[PDB]
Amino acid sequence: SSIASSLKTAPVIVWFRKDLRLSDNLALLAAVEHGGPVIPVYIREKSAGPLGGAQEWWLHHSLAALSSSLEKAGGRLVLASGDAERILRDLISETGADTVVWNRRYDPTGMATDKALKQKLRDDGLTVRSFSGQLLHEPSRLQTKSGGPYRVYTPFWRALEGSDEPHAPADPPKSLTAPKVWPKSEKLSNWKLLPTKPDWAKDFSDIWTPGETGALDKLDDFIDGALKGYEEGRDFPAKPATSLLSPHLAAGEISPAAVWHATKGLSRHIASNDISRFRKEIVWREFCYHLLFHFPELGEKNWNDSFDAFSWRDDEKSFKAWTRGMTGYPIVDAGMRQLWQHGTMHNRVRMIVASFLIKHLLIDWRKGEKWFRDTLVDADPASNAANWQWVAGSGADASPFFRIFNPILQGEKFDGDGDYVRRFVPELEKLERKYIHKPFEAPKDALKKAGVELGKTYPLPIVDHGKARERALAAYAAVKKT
């Protein structure tokens, strides 16, 4: 190291955010190609990070898993809290790194943070490079054949379906070059991301294994499992027919290109309709990000400003009943209880509970959006906002506001035998399917036999369907006169 000294390569910093994976990670691969020591860092920023309590549980386990995977490769994960610029400059100064890399994040606030930071670092002569991976498409570049943003799903789907296959996923690096001396790291346990007493996430582990290995296990199981019959099965919440990839995708533990490529070459065993339908759902995520790019206020302002003057009820009591799954409408209650217990909800039931809040209770959709932000492990700044707005009646793909279905009928249509309701509202277990979705219409004899006392065992409906419907349509008529 004195007289036969090779000229050494400077380190490179890899800044992880919602891309907590080693596979199909172009930033990490760039760091490997760069040579020299690789310095992985995760920063607890003020603005960005987990959208709520459930996602903090997710993040803890995700960071623990990523750290373990990096250590297996010979690296480590540096943890730091505070101002990203100050932290990165301090790491640069300490290590002598000449480059910072990251994977692009496409939520407008995070993208703006990155743009500003990138310019500041470049102005001081640092190399900064950002990479695709979070999305199959580039929202700032993709336009209709006539030069517009996509406003409607089907043409957007046809564009992505018709595009050259997303590039196949890149392998993870098996080894990372480490610095001789590691920068100091914060302790994950000190970040207070986990519940303590009570452990309200105690059943999350029954469903979830956060991190890249868990993501790949979910993908593998889906391809070898529920992908078969997915198209027919996905509408029925009692059936475990979906992939459960959403929080892994949200956390960037698996790329959508990896998911897409996993659906290729399956014709010997899998019907094309199931694959097409699953791909469409992946593209719904893409579309939500497209809309967020084109309308950054998607989570706070109505897409259709005709709704701005809508007069929402000031009824925090009904809102609380909704959050607790105590509406007296079993399918709604089942969904809200599923969410509380497992940090997720079947998509059909998300639509039903969202509609119940907005139309039956006439409560501001933003309140429902915020509740979901705190309780979903998959909370996503594009998909949550976009879906709430569609249920609320804004957007080309929105159901018109005046379309108001009875939760009872939706329950009987998509959960006819009542298995989903019985799973999450077990106090109704003994009711026959005739009354499982409408226990308030059952006769005294049946309620007695099933061990159900309305108002004790299970609540009466907090609103009458007919009256709620009249109220919502009157509110719709009023907003038109504005």
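One rule holds for the numbers: they count along the sequence shown, beginning at 1.
Per-stretch averaging of Cα B factors for 58 to 66 and 431 to 439 places 431 to 439 on top. Look at the mean CA B-factor for 79 to 87 and for 388 to 396 in the entry; the higher one is 79 to 87. For the set 145, 174, 279, 105, the maximum C-alpha B-factor listed in the entry falls on 174.
Per the deposited coordinates, the residue with the largest Cα temperature factor out of 233, 296, 169, 256 is 169. Annotation for residue 14: C-alpha temperature factor in the lowest third relative to the rest of the modelled chain, per the entry. Sort the chain's modelled residues by C-alpha temperature factor and residue 312 lands in the middle third, per the entry. Among the modelled residues of its chain, residue 100 has a C-alpha B-factor that falls in the middle third, as given in the PDB entry. In this PDB entry, the Cα temperature factor of residue 206 sits in the top third of its chain's modelled residues, the highest group. Among the modelled residues of its chain, residue 182 has a C-alpha B-factor that falls in the highest third according to the deposited record.
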